[PDB]
Every structure is written in structure tokens, then in C-alpha cells.
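One structure below.
Because the Cβ atoms are built from the backbone with ideal geometry, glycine has one as well, and the counts that use them run over all protein chains shown. Each reported figure results from applying straightforward, stated rules to the coordinates on display, with no laboratory input.
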Ligand SMILES: [Mn+2]
Ligand SMILES: [Zn+2]
């Protein structure tokens, strides 16, 4: 989990959300073993976005090749404990928009956050991904974690970009205010290997 100072920093950064604004949530991975989480406020562009190493490797490899394309080695350096830390400090009685509520409901409940309510926009599969190509063209650089070829060859599913494209689908245009991450990379990732000296 997080250190005392990491925990103070996270809570401080999370208060940059307005607890009342429209807020999307999306996860990749099963709710008992999530590997990527995004919480996004379209109007101001702010988002919480972080990763998690999986515990079930066989199911992860399946999800990797047919959904999110994440290589497990790229998760080794991510900061543990962020999922429970973030969910614990989301505002009381917060309301979240999502596309498909079943898994996210389980995840919040497992964290005793039954006070958090979900609004399932329940779009149809392809309506939800109308602007998938344009959103990936513009905002690919915001998440480079989907490195594997995914087959169902299709575009990998990213918690962050899914939130952005669902927002685009609800409003009818890929034109959204610039997304800005509220978490620092040093909170999402551990230090990683030293610079190779060249
Ligand atoms: Mn997704
Ligand atoms: Zn991603």
C-alpha cells in the first residue's frame, strides 16, 4: 500500500474533483481483480487513472489477448494499493456514470462503498464506440499500456479512453475539453530501473 505521505498526496489530489459534477468510471479486468481504473470529469477534463497488477494470471492472459492488450511485465512497477486507497476517499454519496454497471457495482460493494450510486447509460455496443478511432487518434499518448495485438485485430480497450469515447458518444462529438491527469506519475508508478547510462 501507500506511505503516509503518498496517502496525504492522493487525498489532496483527489479533492481537485468537484464532488457534484458529471463523473464517468470505467475498469479493465474483472471486479475482483481489476488491472486498470479511470474516473473522469468531462466538463473540467480532470481524471484519476492508475493500474493494478493482477493476481489471477491465467484470466489476465485471456483479457490481454482479447480485450486490453496489457503486457503483465509493464504492470510490475505500478504502485500497489491505489485501487482501495482511491475508492476509500471518493466523496460520500457520489454518483458515477458508466457503460455497463454490473462489474463496477461489485467493485464498489467489495470496498463497502454502497453509498456510491451508478447511472448506467446502457448504450448499445457499437453506439458506445462510435468515436473509437478518433478518440484513439487524439488521446493515445495518455496511456501507452496497451502494447499487445488484441483480437476478437481490433483496438485495445483502455479504461481511460473508454471513458472519453463514452462521453463523446453521449454528447455526439469527439470534441471534449482537454483531459488532464490529477495523479502524478510518481504516485501511479514506482521508481523503476535507473537510467541506462549512454
Ligand atoms: Mn472499458
Ligand atoms: Zn489504458
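Computed quantities for the displayed model
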read-out: Value of [θ]222 nm, deg cm²/dmol, for the chain, DSSP H segments ≥ 4, -39500 (n - 2.57) each, nearest 500; value: -8500 deg cm²/dmol
read-out: 30, 144 arranged by Cβ crowding within 10 Å, fewest neighbours leading; value: 144, 30
read-out: Residue-span extension gain [residue 3 to residue 84] - 0.36 nm each, minus C-alpha spacing; value: 27.8 nm
read-out: Estimated distance in nm for a label pair at residue 171 and residue 122, the labels positioned 7 Å out from Cα along Cα-to-Cβ; value: 2.5 nm
read-out: Global geometry of the range 74-156, whether rounded, prolate or oblate, following the gyration tensor of its Cα atoms and the 1.5 cut on a/c; value: oblate
read-out: Additional length obtainable on full extension of the chain from residue 106 to residue 92, 0.36 nm per residue less Cα span; value: 3.3 nm
read-out: Ascending count of other beta-carbon atoms within 10 Å, so fewest first, for 51, 4, 40, 139; value: 4, 139, 51, 40
read-out: Cα→Cβ-extended label distance, 7 Å offset, between residue 12 and residue 154, nm; value: 4.3 nm
read-out: Share antiparallel - DSSP beta bridges, the chain, percent rounded to 5; value: 65 percent
read-out: FRET efficiency estimate (nearest 0.05) - Cβ-Cβ, residue 137 to residue 55, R0 22 angstrom; value: 0.05
read-out: Least to most buried among 39, 27 (fewest other Cβ within 10 Å first); value: 27, 39
